[PDB]
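Two versions of one and the same chain are coming, encoded as structure tokens; call them structure 1 and structure 2.
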Structure 1
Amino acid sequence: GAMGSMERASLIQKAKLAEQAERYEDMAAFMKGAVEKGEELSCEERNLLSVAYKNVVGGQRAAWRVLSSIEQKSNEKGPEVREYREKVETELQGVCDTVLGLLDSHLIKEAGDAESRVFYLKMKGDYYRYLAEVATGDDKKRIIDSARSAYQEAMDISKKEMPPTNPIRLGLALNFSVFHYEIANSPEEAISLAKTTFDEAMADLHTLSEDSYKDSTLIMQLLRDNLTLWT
């Protein structure tokens, strides 16, 4: 690959420079390079990878939504809007296929701590979910099944090896509830998982660390915000 001649530590340093310069495509390409060296990522390095690709696919999802909604209104008018929406869509699928490729080829293992295995299974669920947002037909059904198996495997590990206020266990449940509601057309599953997750985190609400409390409590609130939205 294009980062094959660069030292791993230099790739990580340049990912941090790209982050400070807000150059998220560069940041992602440097982290891809780092992952391809074949060593495990630290927690800081996992978060650089996640930030870089979330920003890239985040911009594409937002553009896709702007264009999809312009397209919906003009179905009531040449092919330009649909063609451009299709172009953005195709780029967005390329990025998700890149991330899903990295998770399956390098990052998802039977070894490693529970935190790291859940982190990567959750990200697998997320990137299938972004594909499901734009998919149709038989393709969407295969994608929904893949998203569900990744999230469920992450749920099984998180419930048995992490405390119920751990921000990654919480973030995973949050994301999986959104999948239930917006993708899998299972509003009752969504609402049940979000309530249960919120309720089981209350026991420990007072005892968060200086690290988790803003993330923990922000996610607890996001669960409520969604529950409001959905009820």
Structure 2
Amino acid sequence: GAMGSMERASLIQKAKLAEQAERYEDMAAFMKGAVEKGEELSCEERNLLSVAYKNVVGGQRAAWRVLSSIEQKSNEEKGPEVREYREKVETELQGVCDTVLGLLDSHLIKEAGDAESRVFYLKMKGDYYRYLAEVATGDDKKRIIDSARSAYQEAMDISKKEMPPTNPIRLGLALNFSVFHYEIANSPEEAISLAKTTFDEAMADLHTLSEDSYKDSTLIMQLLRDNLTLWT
């Protein structure tokens, strides 16, 4: 495509430079170009792809929330501008989510056979449908929510069969799916139960880990605990 004339290795190198320069839109474009080369991604490359788009959509989500709050307060007649601009940001956000979902569907997920890669991509699929669900209101909102649920569920089923309970991808997946239950699916008890069981099963497997693996698993356990403290 747009990056079609640049070497895969140069796109990866430039994505790393873009992250150091905090140029996340560039980073996402370089990683989209890398995915479109058609080869599978390594662990490090999957993290570059996720970092790039998570930062781009994260900024859009924060702007959408600011605008949505102003719009709800307005509803003196300020005219159509707040709604129009919220709609503009919302369309942009939806476009980025559609782009990421399109990369996952063409063809990252179908080529991912190892449990670590397949879980990583299905967790991303759940996350980008979740971001679509945060702004959805029309006839497809139920279907968008169900698409997030289904992706997270398939990732959970693989992770519980193929990864230890301290694996950081398994932990991050459970963290994000618990956020889905609380914030999207109106299922706070499911969210709390998932976070608690995940935390406790990870705690019981920490004894198997090296110092560096322990650091990763306990970092995500603390995120689970932080949500549990907020929710209880």
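In this text, the rigid core denotes the largest set of C-alpha atoms whose superposition between the two forms falls within 1.5 Å. When a residue number appears, read it as a position in the sequence of structure 1, where counting begins at 1.
Superposition of the core reveals a Cα shift of less than 2 Å for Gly101 between structures 1 and 2. Annotation for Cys43: C-alpha shift under 2 angstroms between structures 1 and 2, rigid core superposed.
Superposed on the core, the two forms differ at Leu205: its CA moves 2 Å or more between structures 1 and 2. The Cα position of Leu17 changes by 1.7 Å between structures 1 and 2 once both are aligned on the rigid core. After superposition on the rigid core, the Cα atom of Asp138 is displaced by 2.4 Å between structures 1 and 2. The two forms, fitted on their core, place the C-alpha of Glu115 0.6 Å apart, compared between structures 1 and 2.
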